[PDB]
Amino acid sequence: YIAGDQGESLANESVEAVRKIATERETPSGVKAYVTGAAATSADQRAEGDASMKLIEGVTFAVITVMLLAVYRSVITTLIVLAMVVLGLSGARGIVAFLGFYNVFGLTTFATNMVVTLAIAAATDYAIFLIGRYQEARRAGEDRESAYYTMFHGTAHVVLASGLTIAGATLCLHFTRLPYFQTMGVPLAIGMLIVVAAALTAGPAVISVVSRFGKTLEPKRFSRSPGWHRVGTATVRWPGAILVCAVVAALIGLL
Amino acid sequence: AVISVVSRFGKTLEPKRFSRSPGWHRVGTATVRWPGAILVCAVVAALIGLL
Amino acid sequence: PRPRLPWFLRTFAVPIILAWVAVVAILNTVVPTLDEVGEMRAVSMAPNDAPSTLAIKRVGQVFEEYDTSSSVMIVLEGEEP
Amino acid sequence: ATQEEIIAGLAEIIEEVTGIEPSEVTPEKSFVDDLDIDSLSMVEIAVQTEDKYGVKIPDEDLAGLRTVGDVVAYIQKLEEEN
Amino acid sequence: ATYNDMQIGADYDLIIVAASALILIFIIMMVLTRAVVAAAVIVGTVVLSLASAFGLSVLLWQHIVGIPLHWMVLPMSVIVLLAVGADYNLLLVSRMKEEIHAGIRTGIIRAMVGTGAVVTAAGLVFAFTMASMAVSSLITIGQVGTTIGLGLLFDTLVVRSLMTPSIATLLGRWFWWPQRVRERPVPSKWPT
Ligand SMILES: CC(C)(COP(=O)(O)O)[C@@H](O)C(=O)NCCC(=O)NCCS
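Chains as they are written, first to last, in the authors' numbering: chain V, 154 to 408; chain D, 358 to 408; chain P, 22 to 102; chain S, 3 to 84; chain G, 765 to 956.
See below:
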């Protein structure tokens, strides 16, 4: 029996201490010490997520980068989107760690890993909506000045509502008997709020400034989506047939 | 007393820059027509150090 | 007739960006990284209401051996008996 | 209304659906190869016409119509069918 | 028994989490859209996506890979799928209200073109982001990412593209109830 309970940081230290002496001893030839337990398995579970967290961060970006290149068809535009993502992640990582250092709320490996990925993905989606609407205004022929106002008018409230929805959903995770779920709602809810504030403040500020410096945020494809016009038309005149196909897809998952 | 005495003996205390202030002239314009916008920026700077 | 909020994000765009960079700079310098802080705040997965956790602790209390709920085992696996 | 006015409205609708210039669209032109317009695109034209000018063209009649003048003649017939 | 305690706790929490999440999302969508039915459709469509999403992840791991899904995976994936799914529907629905002025039928077409690959790109990236978690050595973390990632693909390509527009077409004015909206405006005369 060792100090601390399963999942607690003290147990991880206790498992480390017991295993340390077990490793640092003159075991007889053939005989080897093997420290194993439920707490030990949980203790090493925390480390794996924390250790792999660096690799998860690297892969996530690499995927987004490539995706940003294809969608916007512009290297300069891709870097602008990435810049807002880094700031969003940096704010999310800081405040969650900031409050945790003062023992405001607990943190688990599942909580920490989910805080990082969610923040990065959410931030990327918010940026696309702002820029995507902005380039849509540019294709409509609006100048760089009126496009900015139209962009913020038609996306800020939607982004605001979407962020609260994500934050609100994570808030419900707190109302759980289990500790891991209960201790994960608060970190996620706070983390999402930072991104929404950052996306609605740093986002428009960057878009306002960068557009003034040459042809940077202006689109380049200037091409429609032939598929969408066909998809929408079918739903307008024959919604039942389209709905049945949607219903069929849901039933497939039920199998 | 020092200023009065020295000023009469040669072109000593007369200004040499002889240049107006473009930085302060523009800032004063912003702080008048949009006091709320300027004040909000000022308040934000104060709250930064509280962390 | 521009709305105040987007206009404030445009006319004063430059200071707004600087503030966010300044705020982030404080957060990382003052407080250690997320991984370091997160390990300290590792909460126990065993719930308080869980009878099984209480039962193991209760055994230690009555037997006056321990008060925890986590125990490890050291196996001395040898080539020969 | 007048044949020219019906074309002007339809040609504007055709531009939105695909991008064909209103001046390019003439009653002589046909959706087969002259306009290079698929049946699905023609369906959307009827939907926009129904929600803008109130002219309802069922898909059965859409297949029957061949050229712009044919569409206008049927639409102008609907104007007659008060 | 501790695993049973985890099981019993998870069973109660999952029901509570699901009910609480749906109610909050219902109100938030109701407040912004100012339509009772429209919020219900948005919430209702998302739930259908999760049902299909759940089976795919189970097939991916329990059947294809063979490693069963972790018990904690399902409660974690529910909130994220519900949260993101409601957002993409809201983006389309909010755009529809901005386009419903010139006919319900025409407005739907404009909304799809207005928010097409834009939401699709954002939807794809989020799914990839979740899939990028799998790289984690711990399979439990990997399972959570894959389950959420698959759902976003279904929500972006099925519910948003097909299910949501179809329902609004059938309801017509009822889709925006209690707000009064005309099915179509006054028919116009042919311009010169
Ligand atoms: C429009 C139609 C039903 C009939 O077309 P036809 O009369 O030219 O054969 C079919 O060809 C069609 O849909 N063509 C467009 C391709 C597409 O993607 N349609 C999507 C709507 S389901």
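Ideal placement from N, C-alpha and C gives every residue a C-beta, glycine not left out.
Contact test: residue i Cβ vs ligand 1 heavy atom, cutoff 6 Å
{"i": "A355 of chain V", "result": "no"}
{"i": "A399 of chain V", "result": "no"}
{"i": "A881 of chain G", "result": "no"}
{"i": "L42 of chain S", "result": "yes"}
{"i": "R383 of chain V", "result": "yes"}
{"i": "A387 of chain V", "result": "yes"}
C-beta contact flag for residue i and residue j at 7 Å
{"i": "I15 of chain S", "j": "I22 of chain S", "result": "no"}
{"i": "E201 of chain V", "j": "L902 of chain G", "result": "yes"}
{"i": "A300 of chain V", "j": "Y287 of chain V", "result": "yes"}
{"i": "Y87 of chain P", "j": "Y279 of chain V", "result": "no"}
{"i": "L854 of chain G", "j": "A875 of chain G", "result": "no"}
{"i": "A43 of chain P", "j": "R199 of chain V", "result": "no"}
{"i": "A803 of chain G", "j": "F939 of chain G", "result": "no"}
{"i": "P929 of chain G", "j": "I872 of chain G", "result": "yes"}
{"i": "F334 of chain V", "j": "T308 of chain V", "result": "no"}
{"i": "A402 of chain V", "j": "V922 of chain G", "result": "yes"}
{"i": "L820 of chain G", "j": "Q826 of chain G", "result": "no"}
{"i": "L37 of chain S", "j": "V57 of chain S", "result": "no"}
{"i": "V212 of chain V", "j": "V899 of chain G", "result": "yes"}
{"i": "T32 of chain P", "j": "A156 of chain V", "result": "no"}
{"i": "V45 of chain P", "j": "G247 of chain V", "result": "yes"}
{"i": "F254 of chain V", "j": "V339 of chain V", "result": "no"}
{"i": "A290 of chain V", "j": "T303 of chain V", "result": "yes"}
{"i": "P357 of chain V", "j": "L48 of chain P", "result": "no"}
{"i": "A355 of chain V", "j": "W28 of chain P", "result": "no"}
{"i": "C398 of chain V", "j": "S784 of chain G", "result": "no"}
Pairwise C-alpha distance: residue j and residue i
{"i": "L407 of chain V", "j": "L935 of chain G", "result": "26 Å"}
{"i": "residue 753 of chain G", "j": "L221 of chain V", "result": "Because chain G is modelled from 765 through 956, residue 753 of chain G falls outside the range shown and cannot be assessed."}
{"i": "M66 of chain P", "j": "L341 of chain V", "result": "18 Å"}
{"i": "residue 147 of chain V", "j": "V238 of chain V", "result": "With chain V covering only 154 through 408, there is no way to say anything about residue 147 of chain V."}
{"i": "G367 of chain V", "j": "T20 of chain S", "result": "31 Å"}
{"i": "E210 of chain V", "j": "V268 of chain V", "result": "11 Å"}
{"i": "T879 of chain G", "j": "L75 of chain P", "result": "55 Å"}
{"i": "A191 of chain V", "j": "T910 of chain G", "result": "26 Å"}
{"i": "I319 of chain V", "j": "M345 of chain V", "result": "7 Å"}
{"i": "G915 of chain G", "j": "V70 of chain S", "result": "45 Å"}
{"i": "residue 1003 of chain G", "j": "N69 of chain P", "result": "Past the edges of chain G, shown from 765 to 956, lies residue 1003 of chain G, and the structure says nothing about it."}
{"i": "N266 of chain V", "j": "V908 of chain G", "result": "11 Å"}
{"i": "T809 of chain G", "j": "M836 of chain G", "result": "24 Å"}
{"i": "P332 of chain V", "j": "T261 of chain V", "result": "10 Å"}
{"i": "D158 of chain V", "j": "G81 of chain P", "result": "13 Å"}
Identity of the residue in the options nearest residue i by Cα
{"i": "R377 of chain V", "options": "G:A783, G:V842 and G:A881", "result": "G:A881"}
{"i": "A350 of chain V", "options": "V:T369, V:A314, V:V224 and V:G380", "result": "V:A314"}
{"i": "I868 of chain G", "options": "G:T956, G:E947, G:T879 and G:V822", "result": "G:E947"}
{"i": "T28 of chain S", "options": "S:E46, S:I8, S:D61 and S:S41", "result": "S:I8"}
{"i": "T230 of chain V", "options": "V:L346, V:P372, V:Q159 and V:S162", "result": "V:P372"}
{"i": "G380 of chain V", "options": "G:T797, G:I864, G:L926 and G:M794", "result": "G:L926"}
{"i": "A245 of chain V", "options": "V:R172, V:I217, V:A274 and V:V224", "result": "V:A274"}
{"i": "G316 of chain V", "options": "G:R798, G:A817 and G:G849", "result": "G:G849"}
{"i": "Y852 of chain G", "options": "G:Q907, G:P839 and G:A886", "result": "G:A886"}
{"i": "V781 of chain G", "options": "V:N256, V:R330 and V:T388", "result": "V:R330"}
{"i": "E30 of chain S", "options": "S:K54, S:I47, S:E46 and S:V73", "result": "S:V73"}
{"i": "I37 of chain P", "options": "V:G393, V:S227, V:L240 and V:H306", "result": "V:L240"}
{"i": "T893 of chain G", "options": "G:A799, G:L812, G:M794 and G:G913", "result": "G:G913"}
{"i": "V384 of chain V", "options": "G:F890, G:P955, G:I772 and G:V877", "result": "G:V877"}
- Query: When you check each C-beta in the stretch 392-404 of chain D against every C-beta of chain P, which residues fall closer than 7 Å?
  - Reply: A394, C398 and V401
- Taking a cut of 7 Å between CB atoms, which residues from the stretch 6-39 of chain S lie near chain G? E7, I8, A10 and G11
- Task: Could you run through the stretch 844-857 of chain G and flag, in chain order, every residue whose CB is less than 8 Å away from some CB of chain V?
- Result: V844, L846, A847, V848, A850, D851, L854 and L855
- Could you please tell me which residues of the stretch 359-393 of chain V, in chain order, have their CB closer than 9 Å to any CB of chain S? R377, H382, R383, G385, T386, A387, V389 and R390
- Task: Determine which residues of the stretch 58-75 of chain P have a Cβ less than 8 Å from any Cβ of chain V, and write them out in chain order.
- Result: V58, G59, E60, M61, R62, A63, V64, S65, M66, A67, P68, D70 and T74
- Task: Using a Cβ-Cβ cut-off of less than 8 Å, list which residues of the stretch 195-207 of chain V approach chain P; keep chain order.
- Result: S195, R199, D203 and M206
- Task: Compile a chain-ordered list of the residues in the stretch 228-253 of chain V whose CB is closer than 7 Å to at least one CB of chain P.
- Result: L240, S243, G244, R246, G247, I248, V249, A250, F251 and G253
- Within 8 Å of chain V by C-beta, residues of the stretch 815-833 of chain G in sequence order: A815, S816, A817, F818, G819 and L820
- For the stretch 26-40 of chain P, which residues have a beta carbon sitting closer than 9 Å to at least one beta carbon of chain D? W28, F29, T32, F33, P36, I37 and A40
- Message: Short of 8 Å Cβ to Cβ, which residues in the stretch 45-67 of chain S face chain A?
- Response: Included in the structure are the protein chains V, D, P, S and G, with no chain A among them.
- Name the residues in the stretch 868-886 of chain G whose C-beta lies less than 9 Å from a C-beta of chain S; which are they? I868, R869, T870, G871 and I873
- Could you list the residues in the stretch 344-356 of chain V with a C-beta less than 8 Å from some C-beta on chain P, going in chain order? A351, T354 and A355
- Using a Cβ-Cβ cut-off of less than 8 Å, give me the residues of the stretch 783-797 of chain G that come near chain V, in sequence order. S784, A785, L788, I789, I792, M793 and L796
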